[PDB]
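**Student:** following this: a sequence and the matching experimental structure.
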Number of protein chains: 2
Amino acid sequence: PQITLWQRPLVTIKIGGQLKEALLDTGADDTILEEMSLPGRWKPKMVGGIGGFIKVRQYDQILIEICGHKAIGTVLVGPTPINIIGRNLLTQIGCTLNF
Amino acid sequence: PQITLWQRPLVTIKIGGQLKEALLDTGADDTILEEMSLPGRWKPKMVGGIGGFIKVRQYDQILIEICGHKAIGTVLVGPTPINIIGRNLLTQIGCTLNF
Ligand SMILES: CC(C)[C@H](NC(=O)[C@H](Cc1ccccc1)C[C@H](O)[C@H](Cc1ccccc1)NC(=O)OC(C)(C)C)c1ncc[nH]1
């Protein structure tokens, strides 16, 4: 679909049976979700934005559906203020930026 | 142009007769530039990202050309890791997300 940026680009995603709102972020290299339980083994990582760095748990090969499109990739879980779908899964659904 | 997201969406912006590289960020409500000298008065702003909040200086009605498109708006200057073109200027050059 075409999405305007007059308003923040929030979409419903489905992860582990749970439905959630997530921000489509082209400034985000990786996808970061708010604290949750994901199966499998994770490794620790430190990621930085405005304001600095936060510690997250990295899970690889997690399947997530973004508006009906299935996508699989690394998902970071940690104390993020909002769920963010980064470039690593935006490319998988064919998302591009146009003007 | 159509920009895919396999790489970070970086463009050249011209501000103050100077060229710089900035990130097109749909996840940023505002535009934040690394420390620089801009004309006029400024007023204070608190902005929060993934690592918490930073205090920045707000300048209004600044001309900035993003890929040969002249935009005129609010630019925040402060301790950002990278120059960020936010939604307030991405809407003025007609940018949308498509998949
Ligand atoms: C973990 C992701 C989110 C992170 N990117 C961001 O935080 C980018 C900026 C950046 C890019 C590249 C290197 C450093 C900083 C900004 C995000 O788009 C964030 C997403 C967000 C929205 C709402 C609340 C909290 C966060 N937007 C954001 O911080 O907005 C402002 C206006 C403060 C710039 C990233 N990408 C690469 C390294 N870190």
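**Tutor:** It's in. Residues are numbered from 1 along each chain as shown, chains lettered A, B, ... in the order given.

**Student:** does the helix or strand containing residue A:61 come close to chain B?
**Tutor:** Using DSSP states H and E, the element containing residue A:61 is strand A:52-66. Yes - Strand A:52-66 is in contact with chain B by Cβ under 8 Å from any Cβ of the partner chain, via A:52, A:53, A:54. Quick note: C-beta positions are derived from backbone N, CA and C, even for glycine.

**Student:** filter the residues you listed down to the buried ones.
**Tutor:** When those are checked for burial by 16 or more other Cβ atoms under 10 Å in any protein chain shown, the buried set is residue A:54.

**Student:** pull the CA atoms of stretch A:74-82 into PDB?
**Tutor:** Provided in PDB are the C-alpha atoms of stretch A:74-82 (Å, rounded to 0.1, in the frame of the first residue of the first chain):
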ATOM      1  CA  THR A  74      16.700 -11.100  13.800                       C
ATOM      2  CA  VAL A  75      14.500  -9.400  16.300                       C
ATOM      3  CA  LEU A  76      15.900  -7.500  19.400                       C
ATOM      4  CA  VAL A  77      13.800  -7.400  22.500                       C
ATOM      5  CA  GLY A  78      14.400  -4.900  25.300                       C
ATOM      6  CA  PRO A  79      13.300  -1.600  27.000                       C
ATOM      7  CA  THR A  80      12.200   0.200  23.800                       C
ATOM      8  CA  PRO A  81       9.500   2.800  24.200                       C
ATOM      9  CA  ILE A  82       7.700   1.600  21.000                       C
END
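
**Student:** coming back round to it: closest one of the residues of strand A:52-66 next to chain B to residue A:76?
**Tutor:** residue A:54 (9.2 Å; Cβ to Cβ).

**Student:** so does stretch A:6-16 get close to the ligand?
**Tutor:** No - Stretch A:6-16 lies out of reach of the ligand by Cβ under 6 Å from any ligand atom, never closer than 8.1 Å.

**Student:** and the helices in chain A?
**Tutor:** For chain A, applying DSSP state H gives helices covering A:87-90.

**Student:** which parts of chain A sit against the ligand?
**Tutor:** A:25, A:27-30, A:32, A:47-50, A:81-82, A:84.

**Student:** thinking again about what came up before, and the strand holding residue A:61, what other elements does it pack with?
**Tutor:** Applying 3 or more Cβ pairs under 8 Å, 6 or more residues apart in numbering or on different chains; DSSP states H and E, we find strand A:52-66 packed against strand A:10-15, strand A:43-49, strand A:69-77.

**Student:** now it against strand A:69-77, angle please.
**Tutor:** Interaxial angle of strand A:52-66 relative to strand A:69-77 (axes from the mean of the first three to the mean of the last three Cα atoms, to 10 degrees): 160 degrees.

**Student:** name the surrounding residues that touch strand A:52-66.
**Tutor:** A:11, A:13-15, A:22, A:24, A:31-32, A:38, A:40, A:42-48, A:70-80, A:85, A:89, A:93, B:50-52 (Cβ atoms under 8 Å, 6 or more residues apart in numbering or on different chains).

**Student:** just the CA trace of stretch A:4-20, in CSV.
**Tutor:** C-alpha atoms of stretch A:4-20 as CSV (Å, rounded to 0.1, in the frame of the first residue of the first chain):
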residue,chain,number,x,y,z
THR,A,4,1.9,9.0,3.9
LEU,A,5,4.0,10.5,6.6
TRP,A,6,1.5,13.1,7.8
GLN,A,7,1.0,10.8,10.7
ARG,A,8,3.4,8.3,12.2
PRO,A,9,3.6,5.0,10.1
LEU,A,10,2.1,2.6,12.6
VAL,A,11,1.0,-0.8,11.5
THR,A,12,-0.4,-4.0,13.0
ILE,A,13,2.0,-6.9,13.1
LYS,A,14,1.4,-10.5,14.4
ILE,A,15,4.2,-12.1,16.5
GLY,A,16,3.8,-15.3,18.3
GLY,A,17,0.0,-15.3,18.1
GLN,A,18,0.0,-11.7,19.6
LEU,A,19,-1.1,-8.8,17.4
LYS,A,20,0.8,-5.5,18.0
